[PDB]
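Inspection log for the structure reproduced underneath, given as structure tokens.
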Amino acid sequence: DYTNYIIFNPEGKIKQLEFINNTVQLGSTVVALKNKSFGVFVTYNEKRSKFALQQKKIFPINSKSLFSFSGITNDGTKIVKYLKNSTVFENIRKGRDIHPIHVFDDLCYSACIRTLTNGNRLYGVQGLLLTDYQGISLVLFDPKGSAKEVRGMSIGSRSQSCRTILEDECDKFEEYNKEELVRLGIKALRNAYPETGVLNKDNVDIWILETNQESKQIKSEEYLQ
Amino acid sequence: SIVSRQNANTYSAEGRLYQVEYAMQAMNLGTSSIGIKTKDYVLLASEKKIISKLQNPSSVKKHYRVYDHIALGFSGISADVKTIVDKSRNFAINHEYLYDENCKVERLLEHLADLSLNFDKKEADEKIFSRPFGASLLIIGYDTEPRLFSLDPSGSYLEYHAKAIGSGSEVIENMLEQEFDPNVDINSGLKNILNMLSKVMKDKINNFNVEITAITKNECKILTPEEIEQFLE
Amino acid sequence: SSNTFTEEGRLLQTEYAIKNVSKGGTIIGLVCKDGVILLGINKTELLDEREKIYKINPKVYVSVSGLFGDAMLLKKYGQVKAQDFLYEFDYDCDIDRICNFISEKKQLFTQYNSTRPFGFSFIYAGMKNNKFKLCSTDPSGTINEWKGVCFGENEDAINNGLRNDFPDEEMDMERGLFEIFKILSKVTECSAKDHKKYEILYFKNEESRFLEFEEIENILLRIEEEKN
Amino acid sequence: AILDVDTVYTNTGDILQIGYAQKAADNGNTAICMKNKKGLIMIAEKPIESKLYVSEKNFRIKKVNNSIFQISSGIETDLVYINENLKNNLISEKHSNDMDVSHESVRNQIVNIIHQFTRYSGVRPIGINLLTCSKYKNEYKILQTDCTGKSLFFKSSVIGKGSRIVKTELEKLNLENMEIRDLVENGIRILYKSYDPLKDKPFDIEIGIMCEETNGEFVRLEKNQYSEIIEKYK
Amino acid sequence: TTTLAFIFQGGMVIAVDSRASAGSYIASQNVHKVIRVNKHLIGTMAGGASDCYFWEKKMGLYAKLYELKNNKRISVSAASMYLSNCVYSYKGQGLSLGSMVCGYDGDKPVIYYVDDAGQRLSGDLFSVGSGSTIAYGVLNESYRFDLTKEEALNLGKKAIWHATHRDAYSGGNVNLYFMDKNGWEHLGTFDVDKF
Amino acid sequence: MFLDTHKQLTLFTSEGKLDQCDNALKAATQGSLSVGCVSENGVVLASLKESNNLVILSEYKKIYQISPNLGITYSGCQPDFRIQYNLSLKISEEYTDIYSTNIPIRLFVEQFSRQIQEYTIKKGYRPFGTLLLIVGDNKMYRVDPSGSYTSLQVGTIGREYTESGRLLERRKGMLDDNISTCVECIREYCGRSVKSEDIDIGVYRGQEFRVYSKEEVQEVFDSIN
Amino acid sequence: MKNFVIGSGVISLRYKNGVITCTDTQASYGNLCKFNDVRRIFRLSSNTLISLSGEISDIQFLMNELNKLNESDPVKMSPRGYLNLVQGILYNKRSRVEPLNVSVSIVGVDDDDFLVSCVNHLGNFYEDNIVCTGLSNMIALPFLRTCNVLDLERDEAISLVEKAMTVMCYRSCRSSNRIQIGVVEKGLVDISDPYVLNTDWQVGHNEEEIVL
Amino acid sequence: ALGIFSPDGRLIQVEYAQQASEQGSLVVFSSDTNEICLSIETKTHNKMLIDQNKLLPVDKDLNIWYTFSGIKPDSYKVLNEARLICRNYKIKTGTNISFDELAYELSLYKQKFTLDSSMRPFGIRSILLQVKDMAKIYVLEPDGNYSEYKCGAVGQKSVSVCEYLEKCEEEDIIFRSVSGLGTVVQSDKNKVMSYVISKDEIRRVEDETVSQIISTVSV
Amino acid sequence: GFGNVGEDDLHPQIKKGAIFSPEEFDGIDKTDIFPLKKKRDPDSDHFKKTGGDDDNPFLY
Amino acid sequence: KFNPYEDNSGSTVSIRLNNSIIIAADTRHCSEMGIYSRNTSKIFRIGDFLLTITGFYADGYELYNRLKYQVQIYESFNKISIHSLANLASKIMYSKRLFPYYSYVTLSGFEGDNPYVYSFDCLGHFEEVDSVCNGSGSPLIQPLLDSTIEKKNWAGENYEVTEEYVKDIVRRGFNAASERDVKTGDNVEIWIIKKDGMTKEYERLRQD
């Protein structure tokens, strides 16, 4: 009765809002680490078949801004377009960069509308926005309509192991250097993916963002092989 | 109506939308087809769904010309595919209107993926249907490189070196992982694709129950039966 | 339910609407040499105003059976559309045009999911190509041309009588009404027992008129005597 | 069969869906608002679900305008819609009159925006308790709103799961002639008195004050202002 | 501007002037006043450079859409009717336009003179632009349906040359085209000063 | 599932009947009794008013005037009648705007019944739960929730309608005495002794319809006693 | 385009480590000085000032929209942010052929970057060390440009602006001698209470007229 | 459910409409390069019922004809849209609509009622028929599918008729059509009509010959 | 609305060129007496007549 | 009565050579009878392409913002070609035919190895040119380019055209314009777009 559509079950919870949590866990892992000066995205990409090309889960919104997501890829692409449009508008019509948290205000309002009413579809995408704004800031966007700042996060399939590996070292992020953050991200992926050979030079793409500097993709050779 | 829209948009406890899960069952209830990409050419062969021989072979075509250098093959519910083709043609012509160039195939795929899950939107041009399209598409084209793209009813798409759709998809894939090599000529490639197709066809493969589209840097060729006859042997 | 198909491949709502018609007052029609008879059976004495047979335009009349509210709604709609046709082309339309208007609206209502079919049937008396015609429209919206037809209470019995008891001989509408009363009485005595509930129209394309129950009783005495 | 399929009346007159919404709201994190002649403050639990979140930059208190701010417990994302519409309405109302929005107008907006969720069919009750603190004509008032839309003004109020324990402590409390820092002290003490460690996770405190020392402007206290009090009551 | 198009036994000739003016100032001297929409259909633009080019390129997109979903070349009548409808939708709004949408429908040449007022005429000889009257005079006494291809081309080439000789808003290069059953061909970009 | 606002609440049953229309007729049949009596000199219209809830019977009215020549009374739920009365006033005023004359009874009843019937086909709407007696132009019309109307000589709506209708047949006569005759007729169908406050009377005489004042109804009852 | 009650002129120039903005407090309805206390310098932020001229109703509308925008979004804006916002508002109004008969000057300081900008009713905008609006653009601007304002301290800049406004009062019908000066520095934003300039008018005294 | 997928990936209402389009009077046709023969069978249980002509012209100068099987009232709307499409296309474009364009637009109209909620699929197999330059027959499914047919049958028990036509490869299309119709109908119960569509002309065949040929099938 | 751009470049004229020209948005060396657009000499300073009646001039 | 436009000086010149594009514009921003600013840049860059405007500065700025927004939307897959950008600019301009941008946009850039310069009118028509001048000073500079650069009416042997010669010609033409053009500015920007990069220079002009 209460499973199909948007209403409180007798216990006082909406089952669809719990199902979107399973939905956002479908995509491949993204591991994000932030330090005041620089931040790192580490991803695991598996070819869906021997003849399928990689889907490039990480999307750069603007120089010094990166976005990535897990879940329904259509919603993720919608959010990428939304963030690009917001960057353009804020740069031109407001003379400033996007605020990592407040750039998600309209999207959060739309998501809240969707969670409050039936007929409209809930977003099935969980996003990570790593941007330089008075320093490097990392934001986690949830389909329920809330964007929260994090020291580091992991989204996608099997992301809880990465999350706990990151959480065991969160207090030391402000002291780690860029190589240390990349190493910790690769360690989190390894903990999620202890099976050897699966993680390789081809399946992992590492993105580096440093404050007051452009975002760059760096080779994974030095960290996996 | 709100109830029907909610039925469209209800999520399953496992994740994926229920309607997407059902459309993915519907998407392969059709005749088989193979797409092969090589750095010189991209092929697309499909067996025709000739329900009766009284239905003339010419008029049951399964490949639609999306633009000057884009062709679209499909499997599953064939009714949805003409709407998809019309909207794809509109997108390509609008892209040329804005930018005076043939669009990248990836750009058309992005447009269609965006339009896929827009069941709720109230304007026709901003959605495909009120439900996922019950067809799986193999979209090929040339955009400074032979491109093979597969669009699923879930709105997801992937660029492929080779793919098969339809009831024979799994068998043809288990055969592709052994038989396919992209270092092969276009004529021998046509021979190989037709050989793979014939394995699953209900009846004997010939030049009248088969449709082949080969897009290359030089031409977006559609092979005549008198030309398929060359490769059937 | 609503307007949707079923495993059997039939619109159950339309079938129930059609069933509703058979519970309405009986209406009969018959094409003859010189005109069309339109007959209706009311449930009460109704000389105050005609209730079973109406006029659409100078050359189309309709009989009614089924839901009275829907029947009057679509009667007014058909009259308005006939007047719109006259406004457009400056002459009155034939039976086919009124049939088309009402059938189009009925089909729209049996195709729209959020609405219910109109629970009534019409019989149209008119002319076309200088020859009299008799159409009909069911709740489904189907248009049927008839030499003779019946709807409402005793619909099946009267239709069967017309099928196999009505002479195939071409006859003027006087003998046509006489034979209609013959078969109606054969089916049921109540038809020949009482006449103050009857509405009978002698449709002639230019000079149609309604029969007084004195004329109906003049037919009644003829039928009573012919068998003696 | 229970008629909770939608926001409709049961045979006893109760709207079950609103009861479920109140169950959801009553399980949220506690926020305490205490009002006094000298100013107004609100305390807010911020449970540490994971140490990865930057709790110091995630705010439970959302401002409606310069003179109205509010906090919610329950499904706190519904506060996004409620706050967005309240802000859109009240900023326009304030600037179309060039004067502050009164407490009664804020209450009218709150009730009328919250009621439509308990009033329509294809819609889901708001499912939050909401505290809206405002200043008007040099007076402070706290508006506690339920899931039904019923909102009343209080001298001090609490929402969230620990409301039952906090409310009694507030009833034991005298607010007249208390300094704003006395309000901060008492709020932190009462919040910690309802912690119940074995059932709730450890939490950080978000405190927003609105008093004369800041000419009535909403100010979000930084941790160094109350770290001593948190150490005292941890 | 002076554009010219006419039909003769061997095919069809089109010629334009290629000058662009902005009052007394000659903004451009080598603008292309022929919009090729396909191998068997072209349109000579006269009037506002932007609006005439815009709708002609909007017509060329409709022709391509027709070809895609019909696997068949669009007829000249349909192409010109589409164009005239677009400008007719702005009738009385000051839109300035005039163009011959010319091509072959199978084996039959046809030239449709389309105009900003929504007018659409099929004919065997049209001339449009400020220098049209001069071109009409040279064509009137020399044009014949029985012209040979070389005679027809020189008549079209010479008729535009005279118009540019005598009209201020006409000049530059005489672009010359020959449309035939087998498609059109750009026969030259002759500069009027080198005749 | 939640309420489907697009649902068709009126449908044919497998027996050919409209399910909701019969329920609306039942709802109308339960209303307070009201009668009308046609005569060779005019038409009488009477109805009973419930005195419960401290209703000011002098101010509360049960018989209403649509135009100078038309009157109306109802049995069923009051709100539906009030909406139908607004609709009828609109109809009559529109006719008077166009033709400048008082709307004839038959044209009014037709235009009114079509808009009543509108709700037996309107999605997400139920039919009006009221029966209406319309008196004017020396005629009477009973209009039911189906939008079906019938001209009547003696008619009753509300409780005890069939047996009262039979009694009205025994209680016809000259208009001047018909008022008292029908007051006696309906005195047999009231739960308490009827005071003049408890009954409304409207009579169509000549060319206009007028509702008796509470003082006139006393005069009619003084003849009764 | 409203032309009923008009504020006369805006003068804003940047000097050493700061920016000035100055306007008179007169509002004229035709040839009538209807109000002499209409104030057209407003504080947009802790480091920005906006001064306006033109139709007073349009000034009030524009400042109302700017205040709504300021209270709505949660993100601060630099003076160039306000410049872009106001330019967009005015250009949109112009392009909807419903222009505001208002011309404004945004001045502010951000991290030692000094903004002095102008936006006219059409949405046209420019930035310069001295920007003047209205008849000030023709009278006061040529006089102000003769002084290298970039090397003036706050007092010298204020005195120069006061002299320019005195010239405006002498040579403008719609300009009064009751001015209001707004100043913004790195850590300061100040809008003075309106005060009256002291004029001379001693040139026309002539030799043999009894000064009264 | 309406305009939505079922749990097994089926458009349930569309297939129900297909079935409803099968429960209709049988229509049989066969074509050669220069002609089509079209035969329809009708129920004669009612002598008083006047049988309607089921072969209706879509546009008389283009010589396009329309036939259907299934729910009769839906055929009226579909034929009206066919005629409207022809007329509107000539208005907008200035040239006669081609047969393929008409088939495509009518199929789009058919599909329109299967893409939306609140509306019901037509549920009629509609046949477009033309003889101008060559014989051409389009059979449009209720769901919007359409494709050319050299010969075939539609309606009540039409699958058996198509199966017979597969074998009945006789040169005379009149023979083929009438014999294929004869495999199902009963001469006593079914009155049959036959038409030959030729270059911009139409005529119906003699009853004697059609009945004689029908008598030899399903004896 | 469209501005008739190209009418002169389109018709024989029995200046709207093909390309739009600047300042579409005399033979005397005039120059200007003041930077103000139309001003040439002092304003007419007097109390200006308003009100009364202009459409009924003779109804004193 | 409302005049939505302002003329803000002209004098932008763009010349495409065999292997470079020289595009120059004056920096003056003009009011009626006055100078708003002497340092307003008429030249905007979109990646490897340079955009220049004349006429109403607000219209040009809005058109540049529209172009940049559409180009950054398009660039989700690949860099936009100069031809595609010119076509997009033409479409954007024509979308306002009922209320045109008073901007003579000139778009110049390299399509790989080959330089391209596109000139636009206010209503969007665009053509590929070898040298184009827009704005008030166009009639004073364009004949100079036709004679000295394009060698029109040069019956004899032609002086070889090169970057240093073309820049000299451009500065000569800007001097002539600033002399006889009231609204031609005080400083002239000179960009040199080459295959792999671009650079900007400045010269002072008549300032009265």
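Naming works like this for the structure tokens: A, B, ... for the chains as they're shown, residue 1 at the start of each chain, ligands 1 onward in shown order.
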### Query
Among range 37-168 of chain D, which residues carry a DSSP assignment of strand (DSSP E or B), reported as a VMD selection string?
chain D and resid 39 to 47 53 62 to 63 68 to 74 123 128 to 136 139 to 145 151 to 154 156 to 159
Do a neighbour search on residue 46 in chain B at 9 Å with only C-alpha atoms, toss out local chain neighbours closer than 5 positions, and write the hits as a ChimeraX atom specification. /B:31-35,62-63,73-74,197,209-213
Per residue of chain J within 8 Å of chain E, which atom pair is closest and at what distance in Å (one decimal), using only C-alpha atoms, listed by chain and increasing number, as a tab-separated table?
```
residue	atom	partner	partner_atom	distance
J:94	CA	E:50	CA	7.5
J:123	CA	E:50	CA	5.8
J:124	CA	E:50	CA	5.7
J:125	CA	E:50	CA	4.2
J:126	CA	E:50	CA	7.9
J:127	CA	E:31	CA	7.0
J:139	CA	E:25	CA	7.3
```
Write the residues of the preceding selection, restricted to C-alpha atoms, as a PDB file, in the first residue's frame.
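Written out: out_9.pdb:
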```
ATOM      1  CA  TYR J  94      18.233  37.408 -36.624  1.00  0.00           C
ATOM      2  CA  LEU J 123      20.099  41.822 -38.819  1.00  0.00           C
ATOM      3  CA  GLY J 124      22.552  38.923 -38.857  1.00  0.00           C
ATOM      4  CA  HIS J 125      23.659  38.403 -42.463  1.00  0.00           C
ATOM      5  CA  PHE J 126      27.253  37.180 -42.417  1.00  0.00           C
ATOM      6  CA  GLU J 127      29.857  36.824 -45.156  1.00  0.00           C
ATOM      7  CA  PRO J 139      33.939  54.848 -44.873  1.00  0.00           C
TER       8      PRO J 139
END
```
Fill in: helix (DSSP H, G or I) call set, DSSP backbone run, range 12-103 of chain G, as a ChimeraX atom specification
/G:56-72,79-95
How would the residues just picked look written out with C-alpha atoms as a compact mmCIF listing (two decimals), in the first residue's frame?
```
# COMPACT_ATOMS: atom_id res chain seq x y z
CA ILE G 56 12.35 59.28 -8.64
CA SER G 57 9.65 56.63 -8.98
CA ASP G 58 11.98 54.54 -11.15
CA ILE G 59 14.78 55.15 -8.63
CA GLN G 60 12.58 53.81 -5.84
CA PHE G 61 11.48 50.83 -7.93
CA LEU G 62 15.07 49.94 -8.84
CA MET G 63 16.27 50.25 -5.26
CA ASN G 64 13.33 48.12 -4.11
CA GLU G 65 14.30 45.37 -6.54
CA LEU G 66 17.94 45.66 -5.49
CA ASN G 67 17.00 45.41 -1.81
CA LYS G 68 14.85 42.35 -2.51
CA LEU G 69 17.75 40.73 -4.36
CA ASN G 70 20.15 41.65 -1.56
CA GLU G 71 17.95 40.11 1.13
CA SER G 72 17.07 37.08 -1.01
CA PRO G 79 30.78 45.93 -6.40
CA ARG G 80 31.21 44.46 -9.88
CA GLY G 81 28.56 41.90 -8.98
CA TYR G 82 26.13 44.72 -8.25
CA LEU G 83 27.26 46.48 -11.43
CA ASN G 84 26.46 43.39 -13.49
CA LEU G 85 23.12 42.90 -11.71
CA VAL G 86 22.01 46.51 -12.23
CA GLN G 87 23.22 46.53 -15.83
CA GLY G 88 21.21 43.38 -16.50
CA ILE G 89 18.10 44.83 -14.86
CA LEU G 90 18.29 48.10 -16.81
CA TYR G 91 19.13 46.41 -20.12
CA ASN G 92 16.25 43.96 -19.71
CA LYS G 93 13.89 46.84 -18.96
CA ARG G 94 15.12 48.68 -22.05
CA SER G 95 14.83 45.61 -24.27
```
(Q) Only residues of chain E matter here; which ones have an atom within 9 Å of chain B, counting only C-alpha atoms? Give them as a PyMOL selection string. (A) chain E and resi 57-58+61-62+64-65+68-69+71
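Across D:123, D:93, D:43, D:30, the tightest approach to chain B is made by D:123 when counting only C-alpha atoms.
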- Task: Can you pull out every residue within 12 Å of residue 124 in chain B, counting only C-alpha atoms, but drop anything in the same chain fewer than 5 positions away, and send it as a PyMOL selection string?
- Result: (chain B and resi 83+87+115-116+118-119+129-130) or (chain H and resi 112+115-116)
Got a sec to pull out which chain J residues are within 9 Å of chain G, counting only C-alpha atoms, and send them as a VMD selection string? chain J and resid 2 to 6 29 33 to 34 36 to 40 56 to 59 62 99
